Ligand SMILES: *[C@@H]1O[C@H](CO)[C@@H](O[C@@H]2O[C@H](CO)[C@@H](O[C@@H]3O[C@H](CO)[C@@H](O)[C@H](O)[C@@H]3O)[C@H](O)[C@H]2NC(C)=O)[C@H](O)[C@H]1NC(C)=O
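Protein chains in written order, with my numbering: chain X, -11 to 183; chain A, 64 to 290; chain F, 63 to 276.
Below, the structure is given as structure tokens:
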């Protein structure tokens, strides 16, 4: 019983970087997605694999909230079957994803004069990420034929890069907060249902 | 040839209802947001409303001047967006356009978007007008010195109406302005002639309005009035 | 919020013309990519600029766009007689959703600019006896054909009952139009005067009448 605690995920003071995206398990509560939709003015609210009309009537074993911060024009990469730096090295969704992606502009919170360098993203990687994979490795990336031996030289790049979010920029470069809800339905008592 | 075509317009009575339909041709109609934008005769473009896709959580949003009176729905099986108009007012007379929102397709954020495909547009006229005679009032001059005489023809129907001065004797200086379209559906216009000040005491000036469609003839003098 | 646009923008054949769109910090000062559209006489609008900078394929490269702070600029180089149309700018706002500009009428100058000659009339006593009152402002002899109208009772603006016509070509290639502000006799007697103010090419011509002009 009792409403699902979405507050600590969406209203949270701090959000993680895209390469270290945060995950939260939600269960044993009733989810009212109309209240969540009308709780604020979101920029994107798109549900994949499930009809939004039939949302307050379903039941699932669990739900998982993945929260992070990206830039505007990268929001297109948070979707099944998308490519790009974020969709390959930071956060990956399966082709058969079932859930809902929500995103909203956060320039008033994640933009500082001179840029915000606290937010990073992975730039180089040897292989793509599997769906729902989280990589926090900081090993030196080998670019050339010479071995790196964990020394920051040339052809030996650090795999993470700063965003530098700045307020006066256009909305394409402005920081956006992204929360992805994934629905898990197993042979188990469904602990999340509509009203 | 990617197309959007609107249909179902015409003349509606004040307070009536009408449904406009916009049909697509040649693209994935279920993947685009659809916008209705209207334009009053001789005015700018006003956004009326928009509707999202099936997989988007939300409801259509409308303009504050039409909120609670206009409804926007869609049928994907027939590729048609419907705009229903109820309790129509005379202020709604305009050309309506149906368009699609790209940029929302590519960037998926409300802050970025544009309209790339537009329909020809459909005219909607809300009026209860009928053949009616005009009202003619003379316009006497002030001390604004020559002087400007005039006469006003208000609330007439239909177009057009002809006005002369001194039964066609006076033509030098006569200027007749184009008619105005009022929200009531009736028209109005004014005619002005510049005449010498010294001749005002001897020569008489009369404006003659002949509304043929109503068997109307009105001849009125321009008399400087006082208190 | 209706983003403010100049009523006209003129230029000799071959000039560089600029159109400005001014918005609030809520729409153009917050990024919110601006779009520029073109409407020829009698046709539907056509997209010209999107994301403040990008040109769709097929659109001529003589059209450029820029954004500075809370304003946007559309620049047309190599002015042509075929570019004479109306231009609009559209932006999204967090509260008022999609907004369009007031529209700019581009004219290619074939004659030097001319100022309007405005004549104002008072409500006639006959109409007053008919429990009606009309003001009637006449604008004429202005080129190019794009003006803005404003009405004042005493010194405060009036907006209820305003009818503004369109500029029609005169016999000598200049333009004329009219505006009508009807009002009740009680409103006429409750104000010491009424003024008609018309703005043309950044300069205002105004006239005033009074109910005490016996
Ligand atoms: C994130 O936090 C904000 C506030 O910090 C939450 O806004 C809250 O929204 C609820 C919606 O039910 C408001 O409840 C009602 O609001 C009216 C005023 O609008 C009030 O008169 C009622 O007594 C009732 O409280 C609540 O007031 C509002 N918070 C505040 C401080 O007014 C928002 O819902 C949170 N987001 C999520 C996803 O939970």
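The C-beta atom is built at its ideal place from N, Cα and C for all residues, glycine as well.
{"Asked": "Contact under 9 Å by Cβ, residue 197 of chain F with residue 245 of chain F", "Found": "yes"}
{"Asked": "Minimum C-alpha distance to residue 167 of chain F - residue among F:110, F:156, F:69, F:190", "Found": "F:69"}
{"Asked": "Closer than 8 Å: residue 10 of chain X CB and nearest ligand 1 heavy atom", "Found": "no"}
{"Asked": "Residues that residue 183 of chain A contacts on chain F, provided the C-beta gap is smaller than 9 Å", "Found": "105, 106"}
{"Asked": "Extent of the continuous alpha helix (DSSP H) run through residue 188 of chain F", "Found": "187 to 191"}
{"Asked": "Inter-residue spacing [alpha-carbon to alpha-carbon] between residue 166 of chain X and residue 81 of chain X", "Found": "13 Å"}
{"Asked": "Reduced DSSP secondary structure (H/G/I, E/B, other) of residue 114 of chain X", "Found": "coil"}
{"Asked": "Helix, strand or coil at residue 196 of chain A according to DSSP, with G and I counted as helix", "Found": "coil"}
{"Asked": "Distance, residue 154 of chain A Cα to residue 112 of chain X Cα", "Found": "60 Å"}
{"Asked": "Cβ of residue 34 of chain X within 9 Å of any chain A Cβ", "Found": "yes"}
{"Asked": "Exposure of residue 69 of chain A, with buried meaning 16 or more beta-carbon neighbours within 10 Å", "Found": "buried"}
{"Asked": "Terminal residues of the alpha helix (DSSP H) in which residue 23 of chain X lies", "Found": "21 to 26"}
{"Asked": "Chain F within 9 Å of residue 29 of chain X, Cβ atoms only", "Found": "yes"}
{"Asked": "Distance cut-off 8 Å: residue 24 of chain X Cβ against heavy atoms of ligand 2", "Found": "Because ligand 2 does not appear in the structure shown, any question about it cannot be addressed here, the ligands present being ligand 1."}
{"Asked": "With 16 other Cβ atoms within 10 Å as the buried cut-off, status of residue 59 of chain X", "Found": "buried"}
{"Asked": "Among A:107, A:117, A:104, A:108, the one whose alpha carbon lies nearest that of residue 35 of chain X", "Found": "A:117"}
{"Asked": "Residue 200 of chain A versus residue 239 of chain A: straight-line alpha-carbon distance, rounded", "Found": "15 Å"}
{"Asked": "DSSP-derived helix/strand/coil call for residue 251 of chain F", "Found": "helix"}
{"Asked": "Simplified DSSP assignment, three categories, for residue 142 of chain A", "Found": "coil"}
{"Asked": "Rounded separation between residue 168 of chain X and residue 250 of chain A - CA only", "Found": "59 Å"}
{"Asked": "For residue 204 of chain F, three-class secondary structure by DSSP", "Found": "strand"}
{"Asked": "With 16 other Cβ atoms within 10 Å as the buried cut-off, status of residue 266 of chain A", "Found": "exposed"}
{"Asked": "Residue 117 of chain A at chain X interface by Cβ criterion, 9 Å", "Found": "yes"}
{"Asked": "Check: residue 96 of chain X C-beta below 8 Å from any heavy atom of ligand 1", "Found": "no"}
{"Asked": "Those runs of the alpha helix (DSSP H) which lie wholly inside the segment 93 to 121 of chain A and span at least 4 residues", "Found": "none"}
{"Asked": "Contact set for residue 184 of chain A: own chain, Cβ-Cβ below 6 Å, skip 5 residues either direction", "Found": "158, 160"}
{"Asked": "Residue -6 of chain X CB to nearest heavy atom of ligand 1 below 8 Å", "Found": "yes"}
{"Asked": "Neighbour-count burial assignment, residue -10 of chain X, 16 or more Cβ in a 10 Å radius", "Found": "exposed"}
{"Asked": "Min CB distance residue 290 of chain A to chain F below 9 Å", "Found": "yes"}
{"Asked": "Secondary structure, beta strand (DSSP E): runs of 3+ residues fully inside the segment 35 to 76 of chain X", "Found": "50 to 59"}
{"Asked": "Length of the line joining the Cα atoms of residue 208 of chain F and residue 91 of chain A", "Found": "41 Å"}
{"Asked": "Residue 114 of chain F at chain X interface by Cβ criterion, 9 Å", "Found": "yes"}
{"Asked": "Contact check, residue 137 of chain A vs residue 114 of chain A, beta carbons under 9 Å", "Found": "yes"}
{"Asked": "Proximity winner among A:126, A:80, A:78, relative to residue 100 of chain A (alpha-carbon distances)", "Found": "A:126"}
{"Asked": "Partner residues on chain F for residue 255 of chain A, Cβ-Cβ distance less than 7 Å", "Found": "181, 200"}
{"Asked": "Nonlocal neighbours in the same chain, by C-beta distance under 7 Å from residue 254 of chain F, ignoring five residues either side", "Found": "216, 272"}
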